[PDB]
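Here the structure comes first, spelled out in structure tokens, and everything after it is commentary.
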Amino acid sequence: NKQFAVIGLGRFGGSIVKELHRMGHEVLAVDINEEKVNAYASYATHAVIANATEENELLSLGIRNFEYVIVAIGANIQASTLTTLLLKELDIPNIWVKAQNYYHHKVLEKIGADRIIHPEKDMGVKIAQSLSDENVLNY
Amino acid sequence: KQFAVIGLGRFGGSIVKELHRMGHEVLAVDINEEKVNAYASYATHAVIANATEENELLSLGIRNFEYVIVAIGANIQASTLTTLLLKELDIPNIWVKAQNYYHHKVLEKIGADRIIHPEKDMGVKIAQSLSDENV
Amino acid sequence: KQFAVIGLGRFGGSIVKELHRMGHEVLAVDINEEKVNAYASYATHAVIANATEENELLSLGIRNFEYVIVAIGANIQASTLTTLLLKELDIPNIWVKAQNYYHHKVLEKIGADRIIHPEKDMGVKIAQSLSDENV
Amino acid sequence: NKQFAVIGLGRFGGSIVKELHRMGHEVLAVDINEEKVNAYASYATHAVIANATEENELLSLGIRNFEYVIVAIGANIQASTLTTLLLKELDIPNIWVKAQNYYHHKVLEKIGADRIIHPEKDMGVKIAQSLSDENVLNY
Amino acid sequence: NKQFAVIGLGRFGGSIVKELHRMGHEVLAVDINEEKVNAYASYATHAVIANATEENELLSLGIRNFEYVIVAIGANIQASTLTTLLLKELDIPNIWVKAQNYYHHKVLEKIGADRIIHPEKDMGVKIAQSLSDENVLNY
Amino acid sequence: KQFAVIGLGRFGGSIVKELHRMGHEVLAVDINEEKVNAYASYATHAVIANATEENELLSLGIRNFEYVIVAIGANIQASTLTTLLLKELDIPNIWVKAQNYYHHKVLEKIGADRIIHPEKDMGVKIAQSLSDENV
Amino acid sequence: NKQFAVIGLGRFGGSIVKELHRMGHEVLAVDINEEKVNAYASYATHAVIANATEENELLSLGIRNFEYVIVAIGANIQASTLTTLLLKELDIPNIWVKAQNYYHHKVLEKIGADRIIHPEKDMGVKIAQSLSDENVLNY
Amino acid sequence: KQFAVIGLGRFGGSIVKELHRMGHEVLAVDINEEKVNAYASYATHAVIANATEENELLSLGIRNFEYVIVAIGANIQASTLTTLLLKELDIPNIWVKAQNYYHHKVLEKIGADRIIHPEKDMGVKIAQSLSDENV
Ligand SMILES: NC(=O)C1=CN([C@@H]2O[C@H](COP(=O)(O)OP(=O)(O)OC[C@H]3O[C@@H](n4cnc5c(N)ncnc54)[C@H](O)[C@@H]3O)[C@@H](O)[C@H]2O)C=CC1
Ligand SMILES: NC(=O)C1=CN([C@@H]2O[C@H](COP(=O)(O)OP(=O)(O)OC[C@H]3O[C@@H](n4cnc5c(N)ncnc54)[C@H](O)[C@@H]3O)[C@@H](O)[C@H]2O)C=CC1
Ligand SMILES: NC(=O)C1=CN([C@@H]2O[C@H](COP(=O)(O)OP(=O)(O)OC[C@H]3O[C@@H](n4cnc5c(N)ncnc54)[C@H](O)[C@@H]3O)[C@@H](O)[C@H]2O)C=CC1
Ligand SMILES: NC(=O)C1=CN([C@@H]2O[C@H](COP(=O)(O)OP(=O)(O)OC[C@H]3O[C@@H](n4cnc5c(N)ncnc54)[C@H](O)[C@@H]3O)[C@@H](O)[C@H]2O)C=CC1
Ligand SMILES: NC(=O)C1=CN([C@@H]2O[C@H](COP(=O)(O)OP(=O)(O)OC[C@H]3O[C@@H](n4cnc5c(N)ncnc54)[C@H](O)[C@@H]3O)[C@@H](O)[C@H]2O)C=CC1
Ligand SMILES: NC(=O)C1=CN([C@@H]2O[C@H](COP(=O)(O)OP(=O)(O)OC[C@H]3O[C@@H](n4cnc5c(N)ncnc54)[C@H](O)[C@@H]3O)[C@@H](O)[C@H]2O)C=CC1
Ligand SMILES: NC(=O)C1=CN([C@@H]2O[C@H](COP(=O)(O)OP(=O)(O)OC[C@H]3O[C@@H](n4cnc5c(N)ncnc54)[C@H](O)[C@@H]3O)[C@@H](O)[C@H]2O)C=CC1
Ligand SMILES: NC(=O)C1=CN([C@@H]2O[C@H](COP(=O)(O)OP(=O)(O)OC[C@H]3O[C@@H](n4cnc5c(N)ncnc54)[C@H](O)[C@@H]3O)[C@@H](O)[C@H]2O)C=CC1
């Protein structure tokens with residue numbers, strides 16, 4: 001497995017790990033909290049305990065070898081920004097990051113994030129789309 | 001055809017704005033005037049109201065909507081009461097944002113037709129978006 | 001004849017102790033072992049359990065009780081889910097301590113047969129106790 | 001009205017005020033919070049805004065003229081103890097106090113309270129009694 | 001030693017323990033904090049670790065056998081009041097208590113304290129007296 | 001003969017009131033007007049002033065007092081600077097309330113003629129008061 | 001005046017404003033706190049009250065017209081990063097920023113800061129240099 | 001020739017590292033072992049010690065140094081006592097980091113030969129660095 005890596009196994013991160021597994025994809029799952037890493041042992045090709053803000057730990061992880069790395073760190077803008085900053089130095093092809101708010105988003109754009117995710121807002125758009133389909137698509 | 005969104009937080013507001021961009025009419029509602037003002041331009045009608053009050057629900061004409069989205073956040077109790085009431089008004093489709101597991105569990109037994117989990121649901125979207133990189 | 005008390009706080013524990021003093025058998029339950037131990041000597045049986053879990057509710061034999069008192073406090077969501085479940089098990093009498101107004105409102109629509117408000121109810125008791133000074 | 005006085009119009013205090021009114025009894029209702037005093041205007045023979053811990057305010061109230069005074073101050077042991085301390089000096093015939101916990105109860109006994117109320121626990125006993133009646137009294 | 005007992009070995013309590021020792025008096029020194037009890041081993045006829053608010057511990061101490069008991073509990077009105085309440089039940093001949101403020105003093109009077117000490121204020125009076133002596137007594 | 005008290009907290013205020021009761025004149029000073037007002041009736045003169053400012057110290061006429069008591073509390077730095085200045089003005093007797101050990105240590109090297117420790121000093125008073133029970 | 005602009009008038013920022021004035025340089029001094037802006041009226045060619053994180057306010061300031069802009073925002077990494085982010089978009093020739101710590105520094109590098117200042121550490125080097133001069137330069 | 005730095009925070013540590021890079025010997029001292037370990041490799045000697053204690057100051061041989069930099073931070077009282085003591089030991093040059101205005105004022109009267117204000121001093125450096133852009 002060297003295509004998908006998810007850092008931060010909260011509701012958002014853990015959910016992509018699981019869905020990837022369900023779809024038969026191998027995934028590197030990482031978190032600083034062991035209780036979180038263990039909760040995703042059955043869904044990860046490899047579940048490691050590591051501080052994503054530490055360079056050496058990012059090398060002991062081989063994160064440089066992944067095409068897509070999702071930073072799903074939650075209510076910790078600093079760990080989130082620091083992490084995306086490091087792996088952007090490792091010139092990772094695709095770095096996706098969950099943003100906490102407008103400020104976070106603003107630094108993430110210039111810091112290296114290729115895609116920025118706002119769960120709340122983004123799901124609101126998809127829900128709007130589903131509602132529209134109920135009617136329009138005569139669904 | 002009717003769409004009503006109760007609770008104009010990031011999630012609720014975003015669906016109101018989307019429905020508007022997609023040229024759909026939408027009743028936006030929230031107990032906080034400041035929240036209502038924020039999305040007044042996107043809704044065919046933006047009303048201040050406590051979705052917990054049956055009287056405020058009837059003068060709202062909510063009973064006449066096909067789809068009502070309860071997007072209350074931290075106020076779990078209000079989210080639960082609100083859905084209980086909409087169910088009493090027999091709304092055809094009631095979609096509710098679940099704050100957590102216990103919330104989902106009561107919502108399921110209460111009459112929510114669809115329960116939305118933004119973080120979890122978005123995570124599945126991203127996993128699927130991640131696969132499509134090689135479609 | 002059967003009595004079961006879920007949630008052994010000041011209120012719930014006090015009813016367990018009273019039932020015992022009045023020579024009645026009672027099933028005492030709480031998710032916290034320390035709470036259960038505190039009233040073990042007063043209950044015919046004191047069990048650790050999360051009243052939210054259907055599995056833990058069935059192995060508890062709660063379905064066989066005539067009266068079940070849900071005395072969950074601050075955890076409003078657990079109080080609500082618990083009562084929803086007991087209602088599914090068709091308990092004959094389900095009495096619930098209400099934490100606040102919204103709580104009372106959902107409990108009423110959920111199937112609680114009696115809703116208890118300690119402070120308010122005690123206040124009425126005292127007012128009545130105050131009149132009796134001249135009976 | 002000079003028989004019942006209730007200090008502290010929370011759930012507990014406000015409830016006795018209301019029940020007394022319902023039963024046709026006149027009652028002096030007092031609270032330091034005006035929004036609380038106004039909420040009980042329709043149920044009190046007199047609803048006054050006053051700090052029960054201040055002696056002069058207790059005299060400007062004429063509290064010395066009541067046979068029963070209920071101290072229903074809530075999560076403020078100090079205001080509660082201080083208040084019962086003062087009116088005990090005013091040698092009030094009956095002083096009833098809502099206690100917050102065991103400690104509060106302990107000082108209240110020696111400080112002058114004639115009756116001490118523990119809503120939570122006390123209601124638990126009455127509920128136990130009602131349950132017993134459902135069966136025993138064949139009710 | 002069964003004449004003096006000091007509960008609460010802070011600056012105030014520890015200081016009376018020490019001065020008593022200096023004057024050749026035996027003293028029972030008690031505190032809930034072991035690091036405090038050990039700091040006064042060399043000055044106490046007996047230095048015990050105990051929660052003064054617990055009755056049994058007050059009996060395991062034999063506090064009932066002392067003519068004077070000083071409650072020198074500091075910034076903990078509750079532990080202070082509770083403690084003086086208990087030993088007043090043990091009908092101790094003299095109970096002296098350091099008060100934190102006016103409120104504390106007010107409960108202490110009715111609760112059983114024979115003497116109440118306000119270090120700050122009281123020392124202010126003695127300092128005033130010393131100043132007066134510098135001049136008046138031609139000292 | 002002159003007495004001046006800087007810092008009208010419990011300690012400082014109490015000495016001002018005592019000196020007054022003992023028919024002595026006293027200059028009471030504090031940076032906080034509310035503190036000064038509290039002891040205005042006990043002092044021959046109650047002045048608002050920042051004892052740290054040399055200008056405010058000279059217009060105060062502090063230099064003309066025989067005894068100046070610095071009773072500053074939590075503001076250790078102000079207590080220290082104030083005493084440094086009074087020493088520059090060569091006040092005959094400067095008595096300072098020490099907040100803690102480090103404070104006492106600098107006060108001793110700074111020129112405080114007497115350093116007062118309320119809690120400790122009162123404790124010795126009580127021990128001595130305790131012995132006198134059998135005098 | 002259109003050469004130097006200082007945002008954040010704390011000890012650090014206010015000090016450069018003053019020194020610039022002393023040297024006869026015109027300077028734009030800005031702060032969100034009016035009490036801070038007024039404290040530097042006598043030293044600034046223009047002292048304005050403005051939120052540096054707001055774009056429009058940065059345009060109402062004409063900040064785009066300055067060769068050097070110092071961001072001296074203190075204990076507010078977010079306002080600091082956000083501000084340097086904006087003026088970097090305004091393509092300001094030289095943006096100097098006081099960093100709070102290593103993390104701040106890390107984002108500042110990639111975000112656009114041309115020079116990053118760490119007062120504490122940096123002064124430590126100059127003090128070391130002065131000590132060395134006392135001896136080495138036989139000074 | 002002798003250099004001693006007391007207080008190895010950002011400021012103090014930085015001067016120790018600089019002196020080392022400039023090939024100078026330096027005695028680094030701090031009450032916290034973790035702080036001392038951090039700069040052990042940069043100092044000719046790194047010692048754990050409470051600069052407030054005269055005994056620990058003498059066994060430190062501080063009296064034999066030409067320049068002693070007191071870089072204590074938040075602990076203003078320790079900074080003040082420490083400098084008072086070094087002055088008693090007649091250190092030739094005592095440089096002290098001032099935490100604030102009151103601190104500077106006592107340090108000046110206490111015997112500090114140089115008082116350093118990092119933020120303010122750096123600000124003047126930057127203003128001067130800003131002018132030099134056109135030298
Ligand atoms: N966590 C909390 O205490 C609270 C969270 N919330 C809300 O909960 C919502 C959902 O949260 P979730 O998605 O469940 O979790 P989350 O938002 O906390 O996800 C962060 C995950 O990343 C991991 N992580 C943090 N720093 C890391 C680092 N340096 N390296 C590697 N992993 C690291 C954490 O251990 C954690 O599992 C959020 O939107 C938030 O607003 C609300 C209140 C409190
Ligand atoms: N609000 C705050 O101060 C803080 C919030 N957070 C986190 O931010 C997260 C995201 O918050 P959002 O979803 O944007 O806000 P939200 O969760 O409050 O959004 C729900 C919306 O429903 C409205 N509402 C509530 N009860 C209602 C009723 N009875 N009738 C009608 N409308 C009603 C609210 O006014 C609000 O605008 C939260 O889940 C929380 O954990 C973290 C720190 C502080
Ligand atoms: N607990 C605390 O630290 C504090 C509580 N308070 C106040 O004290 C008041 C009185 O508290 P109490 O009524 O004595 O306690 P409580 O409200 O917690 O009592 C409810 C009991 O139900 C149990 N319970 C909760 N969820 C359960 C579940 N799913 N299944 C089974 N049992 C479950 C709890 O363990 C608890 O013993 C509260 O209303 C609160 O506002 C104030 C400050 C702190
Ligand atoms: N008030 C709060 O912020 C919280 C209360 N709770 C719980 O809520 C429960 C029920 O509370 P309630 O009965 O509704 O109210 P309460 O317990 O606050 O009642 C106190 C009432 O007395 C009044 N009062 C206070 N000091 C007074 C004085 N010196 N003189 C005259 N009146 C004075 C207050 O304004 C208030 O209306 C309590 O058992 C408590 O554990 C739990 C969390 C927070
Ligand atoms: N302790 C603190 O964190 C702070 C104290 N202060 C001030 O410091 C001043 C002087 O304080 P001190 O006299 O040194 O100490 P103190 O005021 O804390 O003395 C209390 C002593 O009694 C002991 N104690 C507490 N509960 C007890 C119990 N139930 N049974 C037996 N012993 C018990 C404590 O362990 C402690 O040694 C006070 O006037 C206070 O205003 C100011 C800020 C913080
Ligand atoms: N003030 C508060 O909010 C709290 C205080 N405490 C404790 O209460 C204890 C007792 O406090 P007190 O001795 O009554 O008050 P205090 O220690 O503040 O009294 C010193 C007096 O000196 C005055 N003063 C300060 N700097 C001055 C200057 N430069 N020139 C002239 N006057 C100046 C102050 O305004 C004050 O009235 C304190 O030691 C503290 O630990 C505990 C909690 C809160
Ligand atoms: N400010 C505080 O409450 C505390 C500061 N400190 C320390 O004090 C040291 C020195 O602080 P100073 O240099 O005096 O001040 P500072 O570090 O607070 O400087 C920030 C200045 O920038 C201004 N500012 C903040 N956000 C702004 C925005 N969006 N747009 C424009 N201006 C904005 C502020 O009003 C303030 O005057 C710091 O290194 C800090 O560690 C320590 C404890 C508390
Ligand atoms: N330490 C903390 O948890 C926090 C600090 N800050 C701010 O960070 C700023 C910068 O801190 P720094 O300068 O890096 O640290 P600092 O101000 O603590 O550095 C002084 C050094 O002197 C040492 N020291 C203190 N008393 C001593 C004595 N008697 N003998 C010998 N050594 C002694 C200390 O151990 C420390 O390493 C502070 O001014 C503070 O306002 C802000 C938040 C938290």
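Atom set for the values below is all heavy atoms of this structure, side chains included, hydrogens, waters and symmetry mates excluded. Residue numbers start from 1 in every chain, and the chains themselves are labelled A, B, ... in the order their sequence lines are given, proteins ahead of strands.
- Proximity of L27(F) to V5(F): side-chain heavy atoms (C-beta onward) are nowhere separated by under 4.5 Å.
- A salt bridge links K110(E) with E89(D): the distance from a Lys NZ or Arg NE/NH1/NH2 to an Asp or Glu carboxylate oxygen falls below 4.0 Å.
- Side-chain contact check for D114(E) versus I92(E): every heavy-atom pair is 4.5 Å or farther apart.
- More than 12 heavy-atom neighbours from other residues, nucleotides or ligands sit within 6.0 angstrom of OH on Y103(D).
- Within the 3.5 Å criterion, the main-chain N or O of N50(F) finds a donor-acceptor partner in the side chain of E56(F).
- Side-chain contact between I32(E) and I49(E) is absent, with no heavy atoms from C-beta onward closer than 4.5 Å.
- Between the CD atom in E54(D) and the CG atom in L82(D) there is a gap of 9.0 Å [rounded to 0.5 Å].
- Side-chain contact between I110(H) and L84(F): present, with at least one pair of heavy atoms (C-beta onward) separated by less than 4.5 Å.
- Annotation for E109(D): atom CD counts as buried by contact number, over 12 foreign heavy atoms lying within 6.0 Å.
- The residue from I63(E), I7(E), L61(E) that alone fulfils the side-chain contact (heavy atoms from CB on, under 4.5 Å) condition with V48(E) is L61(E).
- The closest side-chain donor-acceptor pair between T81(D) and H104(D), if any, does not fall under 3.5 angstrom.
- The shortest distance between side-chain heavy atoms of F4(E) and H25(E) falls below 4.5 Å.
- Contact of the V71(D) side chain with the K98(D) side chain is not registered, since no non-hydrogen atoms from C-beta on lie closer than 4.5 Å.
- Side-chain contact of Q77(H) with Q77(F): a donor-acceptor pair under 3.5 Å is absent, judged by distance alone.
- Side-chain contact, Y67(F) with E134(E): a donor N or O sits under 3.5 Å from an acceptor N or O.
- Formation of a donor-acceptor pair under 3.5 Å by the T45(E) side chain with backbone atoms of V27(E) is found in this model.
- By the 4.5 Å heavy-atom criterion applied to side chains, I117(E) and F12(E) are counted as neighbours.
- In this structure, the side chain of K121(E) does not engage the main chain of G12(F) through any donor-acceptor pair within 3.5 Å.
- At distances below 3.5 Å, at least one donor-acceptor pair connects side-chain atoms of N65(E) with backbone N or O atoms of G62(E).
- Between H118(E) and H105(E), the ring planes lie parallel to each other; the angle is under 30°, not in the 30° to 60° tilted range.
- The pair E19(E)-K125(F) does not meet the salt-bridge criterion, since no charged nitrogen lies less than 4.0 angstrom from a carboxylate oxygen.
- Residues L86(E) and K106(D) meet the side-chain proximity criterion, which asks for heavy atoms closer than 4.5 Å.
- If you check the side chains of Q129(E) and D133(E), you find a donor sitting under 3.5 Å from an acceptor.
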Handout entry: Pair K17(F)-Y39(F), side-chain contact (heavy atoms from CB on, under 4.5 Å): steps then yes or no
Key = CA-CA 7 Å; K17(F) 291 170 58 179; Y39(F) 298 87; 3.4 Å; yes

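- Not one N or O on the side chain of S80(E) forms a donor-acceptor pair closer than 3.5 Å with the backbone of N76(E).
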